[PDB]
Amino acid sequence: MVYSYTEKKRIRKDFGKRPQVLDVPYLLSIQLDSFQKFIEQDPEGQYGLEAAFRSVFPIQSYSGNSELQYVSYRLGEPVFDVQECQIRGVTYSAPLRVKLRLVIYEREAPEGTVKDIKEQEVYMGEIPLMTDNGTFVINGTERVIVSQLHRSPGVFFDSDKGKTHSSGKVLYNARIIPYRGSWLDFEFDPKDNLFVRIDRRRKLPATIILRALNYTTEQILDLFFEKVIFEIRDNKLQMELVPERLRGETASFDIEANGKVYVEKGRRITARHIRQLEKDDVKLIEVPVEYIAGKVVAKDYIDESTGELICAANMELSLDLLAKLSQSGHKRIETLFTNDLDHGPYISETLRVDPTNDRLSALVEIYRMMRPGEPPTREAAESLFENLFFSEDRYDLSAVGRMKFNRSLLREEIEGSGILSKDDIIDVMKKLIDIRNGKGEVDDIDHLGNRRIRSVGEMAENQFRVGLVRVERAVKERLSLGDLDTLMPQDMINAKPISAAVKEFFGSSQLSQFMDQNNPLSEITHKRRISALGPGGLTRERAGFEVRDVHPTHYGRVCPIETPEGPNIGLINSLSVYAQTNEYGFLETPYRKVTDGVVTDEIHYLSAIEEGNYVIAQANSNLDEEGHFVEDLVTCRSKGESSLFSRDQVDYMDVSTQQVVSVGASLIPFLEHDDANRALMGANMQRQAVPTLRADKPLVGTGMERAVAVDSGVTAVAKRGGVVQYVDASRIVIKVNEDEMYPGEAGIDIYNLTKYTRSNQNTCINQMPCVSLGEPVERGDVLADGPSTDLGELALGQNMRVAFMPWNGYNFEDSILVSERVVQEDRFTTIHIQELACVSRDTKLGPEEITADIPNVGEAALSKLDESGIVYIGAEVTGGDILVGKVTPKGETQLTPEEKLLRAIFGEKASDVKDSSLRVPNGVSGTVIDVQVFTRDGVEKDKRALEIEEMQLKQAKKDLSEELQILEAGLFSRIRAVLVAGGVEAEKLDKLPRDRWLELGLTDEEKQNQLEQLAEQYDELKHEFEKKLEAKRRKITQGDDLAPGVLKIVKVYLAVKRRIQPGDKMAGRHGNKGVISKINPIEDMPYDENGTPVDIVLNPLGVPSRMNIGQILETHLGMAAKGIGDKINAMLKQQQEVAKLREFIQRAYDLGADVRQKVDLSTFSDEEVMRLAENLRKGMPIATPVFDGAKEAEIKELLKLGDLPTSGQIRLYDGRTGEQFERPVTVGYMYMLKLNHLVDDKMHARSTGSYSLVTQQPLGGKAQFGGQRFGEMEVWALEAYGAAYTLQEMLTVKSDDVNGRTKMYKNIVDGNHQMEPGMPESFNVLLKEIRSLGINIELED
Amino acid sequence: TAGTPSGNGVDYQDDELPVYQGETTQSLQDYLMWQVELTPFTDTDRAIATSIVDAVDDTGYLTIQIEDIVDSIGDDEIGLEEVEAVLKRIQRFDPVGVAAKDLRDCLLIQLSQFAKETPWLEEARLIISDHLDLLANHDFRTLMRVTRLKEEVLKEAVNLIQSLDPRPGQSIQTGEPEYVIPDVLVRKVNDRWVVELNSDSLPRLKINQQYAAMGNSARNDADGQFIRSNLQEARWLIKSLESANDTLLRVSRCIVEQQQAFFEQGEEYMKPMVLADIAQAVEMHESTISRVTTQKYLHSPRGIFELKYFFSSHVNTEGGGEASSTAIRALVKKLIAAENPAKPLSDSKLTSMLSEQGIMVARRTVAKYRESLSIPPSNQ
Amino acid sequence: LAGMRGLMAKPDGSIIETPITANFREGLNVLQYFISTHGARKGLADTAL
RNA sequence: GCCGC
C-alpha cells in the first residue's frame, strides 16, 4: 500500500520538505497522443485520416455525371511484430483498406443516377505504425520523429526595430500567415504610404487591392477617414462642432458660440476650454473661409444644372471653386477629417500614388505585376485573384489561424471560415493604421503564445493529404474515359503516390532520424525534443541572437538548461517535465488554484497568455496546515517580472520547483549549486554514457530515476501481474491472480526478456530478471531491468571513492588518475556489438554461390567455417578471418590448351571462380554471436538454415504448450470432480487415462450432458491447439520474398569487450569531464588510517573557477551514505538480532529536518527487514530533489550518525612513502560516467594509401585510411617559423606530386632523404579549368 | 519483402567543388611496378622490367613472347640473354610465379623457393613438372613405370603438385565490381505468366523535371514566361523515356508470349526465334528490336537472365519441322552427363541417339556442341 | 561563491531591480536560476558566433 | 546530429 513490492526491496531516503500536489507525467504521451489522433478514426472530421478523406472526397470528373463516394476505412494487421521487423530489416507497418462506391448519374435525367457499384474495399499504401515506446521501425531501424516549433498561422505586427533608413523613422508592417497558401504584407514607407507585398513580390500600393474588392475611392474615403460636414448657406459658411476631435489646434480667428464669444483667436487651448465649450450646448458656428483652404473634399458633389461636377476626390478646393459650388447649389460640402493630432493622412496619399480606379484596372494591374508574362484577357486576372486568396482549395487558414486572427482583432467569435473575407483585410489595414497613430502596440515574435508545435501525427496527416491530392488528380482524368464496367480498383487507385509520399516523409526527412540508444534517458530526451528547424522552420544562419535566447514565457514549458552548444544553441529545446500541448498546439503548464488566502488542490493548465494574466506564486513559499501562506508578503510573477505581493493577491501557485527543469536536468543532484551554463554541459554529457557490465545505482539521486527507467520502455513491467510461476534468464511466466481475469480460457503472462542485441550506437541492450521464484507481483512492478538499470532505477554510471587533491601532475588540467582496482573489478567495462552482412546475387557470369570450399585458400582459413561455409557460433575472429565463403563465377568460353591443361591437373573450375568472401575488417576483433541466414523462395535452403528453423519452431511450441497444458489440467479437474459426484473410483479412476473411458456412463444425465460436453470441449481444444501450432509452423518456414537480384543474405554479429584505458573520457554529472592520465597500482594510491585506498584522484583546481559546488556536496553526501551502509554491513557481519538492526534502520530513515517521506519499519515484515538491510548493505541510496533538497546541516548530522568527521575531510597517507599529507583531504563517493569517446575509435596513422582521382591528393578520414589535412593556418604557422623546406615537402611530394611521391619513397627506402620536388597536380587541374573558360593562362620561361 | 539486405557502402566527396572526385585502386601491374621501383635495377634493366610488366595479364602470366620483348626494345646488347635474367628477377616477386611464360614455368619457379629438404621436392621438382606433364594431366598410371617409382609415393607427389598455386598473380587482384544486375524486366508466374517493367523511374523523372524546369518557368520572378526554354524540354524528355519504355515492354511481351514454353515445365523448350518473328509481331524493323534486346535483362524464377538467349536460330533440319540447338545443347549435356562410367558419348553414337529421338543433326554438329562447353569422355 | 551573486540581467541589456542575494554555497531559488540562465545563454551564444 | 575549440 504505502510502498510497492519493487520499492520495498530498496527504499531511497528522500530529503523532501515539500508535498507534491500532482505526480509526474509519462513524458512520452505526446508522441503517443499525436499518433493516436492520427491513425485512430473519428465520428467527425476532427481527427484521423478521416479528415483528409473527407477533405478530398467526393471527387467527380468534369461533366462526367460520375462520383466517387467514400465510406469508412480500416487498418490491417501487421505481418511481423517489432522484433521480427527489426531483425529482418523491414518496415513495421499496416495495410490500409478503404471502402468506396462508384455511382453513375443519368445524362438524360438531371440530378438522377442509373448505376451504383459498391464493391468491397481497395488497398493503397502501407501506414507505418509507432511502437509502444513512440518509435517507428522503418527498414529495421528506430527512427524517432522530432516535434517542430513554428509560428502559428494568423496576423502579426512588427516594426523592424525602427532602424532601416537611418533617419530614426520606425516602419510598421502587418503580415498574414495561412496554414497553406500565399502570404500577404502591408508596409509603411518613410513617406507614410500603404504598400502591399503579395507573395513577396514587388511593392504595390494598397489602393489597387482595395479597389479589386469592388471598392470605389469615395466609398474608400468614407471608410478610410471620418468625414466632417461644411455648410455654406447665405454666405455664412458655418462649421459643425466636434469638440472631442478638436483637441490640439490654433484658433485662426475668434470663435463665438451662438453669437457669444467662446474662445478668442489664438487663445491657448486648454482641456478646460474644451470642457467649457462642450458644457455649453452650441449649434453650428461660422468660421473664416480661408481656413477651409487646406481641407480635402471627401465625396463628389454633383451639379444639378449640368453633368459637369467636381469629382476630384483626395483634392483640395480653390477660391474660384467656391463660386462654382455656390452656383451649382451645393449647400453642404463633405470633407474628411484632415486632422493630424492622433490620426494622420493615409490611404488618400496611396490613392494619389496610383490612378487605377476600376476593378478591371486593379485586377489587370495585379495580374501583370505578380505574373510578368502574357497580358490577361479579363479572365486570367479574374481567375488569378480568386486563386491568391479566399479560394477553398488554394488558400486555407487552419482552425488555429482563424482563432488567432479573430483574437488579434478583438472579435467575440472564435470559429469562422478558413478563407479571409472582404472585412478581414479591412480590419487588418485599420489595425495597422491605428498602431502607428498611437493606439495599440507591436507584438513579440518569440513569445511562446505566438509559437505553435507540430508533432508526428499532424505532419503525417499533411503528407497523406499531398498523396491524396496527387492520386485524386489522376483519378479525375480516367472518370472522363471510364465506362460503367470500370471499377474503383480500375478507377486509377494509384497506390504508388500515397505510399511514395508516406515513405518519403517517414524515411528521408529532416525531423526523421535514428533515436540515440546509448542510454534509456538519452532515448527519452530524443523522444521529448522540440526543434525550430525543418521544412516550415528557420535555417541555422537565418536565425539570430534573439531567437536563441531564453524568453520569460519559457518558464514551465521548455527547460532553460538543456540545449546543444555550438551551431544549434537555442534552436533545439526540450519539454519541461510537466509541460503539455494545447489542442490548437500551444504549450501549457499546470498551476494550483488559490481561493481567498488558501491554495486549493485543483489544478489548471495555463498557456503563456493565461499565466501572464494572473499573479502566480512561487513553489518554495511556505504554507500552513489549512493551506494559508505562513508569510503575508510572498514572491510572485505578475507580467514577465517578479516582486512582492500580498498572499490574497496571488491567484495561482507553482505546482513544483522542478516545473522549470527538464527530465534530464531533473537528474542532477544539487543542481541549484551549479552554474546554469556549466549545468548545461552536465545534462548534455549525461546522455552520452554507455552502460557497463553491471548496473550500479546512484548513491545520491533526485528521485526521478524510477520514472525515467519505467517510462522509457527499457525494462519489463508486469502488465497484469499475479504470482511468479517460472523464472529464467530468458523467460518469465506469471500466474495471474484470480481476483481479475478474462472469462474463458483462463490465462497466464509470458515475458521474453531481451538478451544481448545491437543498438543504434553499436552498444549492447540486455535484460535480466529481478524476481526469483514464487514472488508476489502487483500491477506495474518491474520484472526485468534493461541496460543501465538497477532494480527499476536509472543507473548509468558507478560510485567511485574520490579524493580531491593534486597528485604529482597526473591530474593536471582535467586529467583523471585511476587506480588498478577499478580495472581489475571490471567497472567501466562495456560490451560492443557489430553487424556484418554478406549477400549473394545472380550475375551475367551466373549465380553467386556460398560454399565452404574456396579456391586458392589454405585449410587454416577454413578451420572455423561450417559445411555451408559460415563461421561456427562462438568462434573468436580477429584480423581478416573469413566469415562467409562466397565465390562468383568468371566469364570464359575459349578453352586455351593451357587452360585445358590447368583444368586437367587441377579441379574442374581450375580456380576460375573468383573469391568474394566476407572477411573481418582489420582492427575488428569479435566473437561469433548470431547468424541470420535468409533464403529466397524456391532456391535450396541453406544447410545451416534448417537449424535456425528448428530452434524457432522448438521455441514456438515450448512457449505455446503452457496454456494448452493449463487448460487440459483444468478440464481434467472438472472431469474428476464430475466423476467424484457420481461413481467415483478415486485412485482407480485417476490411474486409467481418458478418465477411465469417461467413467462409462453412470447416470443418464451425466453421460448425456456432463461427459459428452467434456469430450466435446476436449476435442475442440485439441483441434484448436493443433491448428494454431500448424499455423505458427507454416509461418516460421516460408520463402523470403527478396529483391529480384538478391539470392541469399547472411548476417553475422560480433561481440567485443572494451577494457577501460587512459585515452578514454570520463565525466561526472556536474559538467566535470576529463580523460584518464594513468592507471596506478593499488599500493601507490592514497589511503586512510584503516588502510582503504581511494579509487580516483581529482584536481581541486577544477572546482573554484568552474563554480561546480554540487561536486563537493555530492561527494560529502556520498561519504555519508556509504558510512551508513558500512554500519549496516558491519551489523550484518556479526549476525546481530533483527530488533536492533531494525532500530538502526528506523533511526537512519527518519533523520532530517521535517522531511515529507515517512517510513516506519513497524508495518514491515521481519523477513522483509532483513532483505531490505541486505539490499542497502553497500550504501543508503539518498534522494535530494532538484531545487528542494538536502542542506549542509542535514548532511552533517547524517555524517555524525555514520560516525564520520563532520567537515567531510579525513587524514590521508602517501602510498609510496607512507607519510601523512599536511592538510586534511576531502574523501567521499561520486557518480562517474564513461562516455562514448574512445582512443581506439580515435587513433589513426597513415604512411601511404589511396588518393583522390581529382587533384591526386590523399583521401580524408579514418575508415578510409586518410591523411590529416594541413590547412591554411598550418601553412601560415610554417611561414611564420621560416621553415621553407618543411612546407615544400608538405605542399609538393607526400601530397600531390605523383612522381615526387614515388621518388621520395624510393630515396627513403635507400636511406637518402632527398626531396627532389616537382609540380602539384592540383595546379595543373586549375590551369585546365581556367583554360576551359575563355581565358588563356600560361607559364612563361 | 520478407527480408531486406542492408544498404551497400557508398560514398561521395563532401566539402569539395568537383563532387564525387574519385579514388585510386591497386592492380596487379600497379603492384608489380611498385616492386620494380624498389629493387636495384639499371636504366636499361628498368626499361626491360617495364616492358615485360606491361605484358602481364590479369592472371599474372606473360602473354607476349620473350623474343617479342627483345624486338620491342630494339636496342643493341639487349638480347634474350639479359631479358631472361630480368624476367626471372621479376618472376621472383611477391606473387611468386607471376609473369611466367607458361604453366610449367609457374610450377618450376614456385618449387625453386622451398626448404630444399621437402619430403618430395626433387621427386616433383622436374620429374613431374618439367617432364611428363601430360601424363600428370591424365591418370599417370604409366608414369609410375616411367619415373621408376611406386604409385604410393606419386600419390603424394601429385598432392604437392596440387599444393603449388595454379595461377599466381590473381590473389593480389581485388575484385570490387560484382557486376550485379538490376533485372529491369521482372516477370512472375501466374495463370498465364504475366510480365512487368520495373526500374522505369519515368514518374520520378517526370516529377523532378517538372519541379525543376516547369518550377522555374512557373516562378514569376523572371520577366515574361519560360514556356519554351525548359517547359518544352521536359516534355521531350518524358516522351523519349516513355517511348523507350513502351518499346522495351512490347518487345519483351512478344518474347515472353513466344517462349512461354521455356518457362513452363522444363527449361529446354526454346523455339528458334528469329529477329523477323518478333519484327512481324510488333510490326517494326528487326534492327530496332535487336538493338533493344542486346543488354536488357529479365528476372526469372528459374529462367536464364538474358533476352538474346531466346533467338536460337537453329532449325537444324530437325525431323518434324524445326528445333533449337540450345535446347539440343541442353539435351546433349544431360545425355552425356548421365552415362556409364566408361561414358563413350561418341559423336557418331550421340548423333545417332539424337536422330532416334527425332533430331536429325549431323555427326559433326553434335561435336561442336559438346566442345563448346565440355570435353569428350574418352570418346577417342 | 561566498558573497552575493550580484546584479545581472541580459534579456535586452537592462538590469533587474532585485538582485540575486544568494551565493553558490547556499542554494538559488527557481527564479534566481531562471534569471541567471539569460546571461548564461547570452554568453554561450556569443562564443559560438 | 555530435566532439574540441
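The sequence lines fix the lettering, A, B, ..., with proteins before strands; numbering per chain opens at 1.
Side-chain atoms of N1099(A) and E813(A) include no donor-acceptor pair closer than 3.5 Å.
With rounding to whole Å, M685(A) atom CE is found 20 Å from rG1(D) atom P. Separating the CG atom of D814(A) from the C1' atom of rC3(D) is a distance of 15 Å, rounded to the nearest angstrom. The CG-P distance, from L44(C) to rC5(D), rounds to 11 Å in whole Å. Protein atom NE2 of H526(A) is 12 Å distant from nucleotide atom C1' of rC2(D), rounded to whole Å. If you measure from atom NZ of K1242(A) to atom P of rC2(D), you get 14 Å, rounded to the nearest angstrom. Per the geometry, CG belonging to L1238(A) stands 14 Å off P belonging to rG4(D), to the nearest Å. A straight line from CD of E1274(A) to P of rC5(D) spans 19 Å, rounded to a whole angstrom. To the nearest angstrom, P of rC2(D) lies 11 Å from CG of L680(A).
As judged by a 4.0 angstrom heavy-atom cut-off over every strand, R143(A) is placed among residues making no nucleic acid contact. Residue contacts for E565(A): at a heavy-atom cut-off of 4.0 Å it reaches no nucleic acid atom on any strand shown.
Taking side-chain N and O atoms only, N1236(A) has no distance below 4.0 Å to OP1 or OP2 of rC2(D). A sub-4.0 Å separation between OP1 or OP2 of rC3(D) and a side-chain N or O of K1073(A) is absent. Side-chain N/O atoms of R687(A) include none lying less than 4.0 angstrom from OP1 or OP2 on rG1(D). In terms of phosphate contacts, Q688(A) brings no side-chain nitrogen or oxygen within less than 4.0 Å of OP1 or OP2 of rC2(D).
For the contact set between residues 507-520 of chain A and RNA chain D, defined by any heavy atom under 4.0 Å, there are no members.
When ring centroids are compared, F136(A) and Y92(A) stay outside the 6.0 Å threshold.
Shown here are the side chain to side chain contact (heavy atoms under 4.5 Å, CB included) partners of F38(A), two or more places apart in sequence or in another chain: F35(A), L49(A), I127(A), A460(A), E461(A). Not counting sequence neighbours, the partners of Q510(A) by the side chain to side chain contact (heavy atoms under 4.5 Å, CB included) test are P535(A). In terms of the ring-ring contact (aromatic ring centres under 6.0 Å, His included) criterion, residue partners of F464(A) (sequence neighbours excluded) are, by chain and number, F53(A). The side chain to side chain contact (heavy atoms under 4.5 Å, CB included) check on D33(A) picks up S29(A), with sequence neighbours excluded.
Along RNA chain D, the nucleotide nearest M681(A) and the nucleotide nearest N568(A) are compared for position; the residue whose nucleotide lies closer to the 5' end is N568(A).
The salt bridge (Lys or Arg N to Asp or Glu O under 4.0 Å) analysis of residues 557-576 of chain A, with sequence neighbours excluded, yields the pairs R557(A)-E611(A), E562(A)-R687(A).
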